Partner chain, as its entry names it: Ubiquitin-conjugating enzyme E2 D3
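The chain below stands alone, shown as structure tokens; this is the form deposited without the partner chain.
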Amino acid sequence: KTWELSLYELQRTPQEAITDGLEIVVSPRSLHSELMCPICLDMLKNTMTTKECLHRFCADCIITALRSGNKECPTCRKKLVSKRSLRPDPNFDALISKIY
């Protein structure tokens, strides 16, 4: 990846925050599959993220998978040397703790 910016991108301006009290309908989470872990199909909990490919799992599930001896990523099958190959992210955690 070059990270070349296009003509539009060189000129783009912010997308301002919606600050008026608007509520979001999140009654079902069959609209938000990005908050569910691919292994256990639950709300991601203590989210671990792979450095190289940015796939997210519960700490529980990804440690187990690595401990099984299988070094591939469960989502994209790209190699992982170890647990130094993933980082925790409190951002996703805190996001999920607000929605459910």
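Residue numbers count along the first chain shown, from 1. C-alpha atoms forming the largest set that superposes within 1.5 Å between two forms make up the rigid core. Residues that one form lacks are left out of the comparison.
Same protein, other form: the form solved in complex with the partner chain, not shown, and the subject of what follows.
Although the partner is absent here, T64 lies within 4.5 Å of the partner chain in the deposited bound form, judged by heavy atoms. Heavy atoms closer than or equal to 4.5 Å to the partner chain in the deposited bound form belong, across 32-60, to the residues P38, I39, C40, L41, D42, ordered by sequence position. Superposing the rigid core between the shown form and the other one leaves a single residue from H55, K45, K71, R29 with a C-alpha shift of at least 2 Å: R29. Whereas the shown form places them at one spacing, the Cα atoms of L44 and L31 lie at least 3 Å closer in the deposited bound form.
CA of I18 to CA of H32: farther apart by 3 Å or more in the deposited bound form than in the shown form. Moving regions between the shown form and the other one, defined as 3+ consecutive residues each with a CA shift of at least 2 Å after core superposition, come down to one: 29-32.
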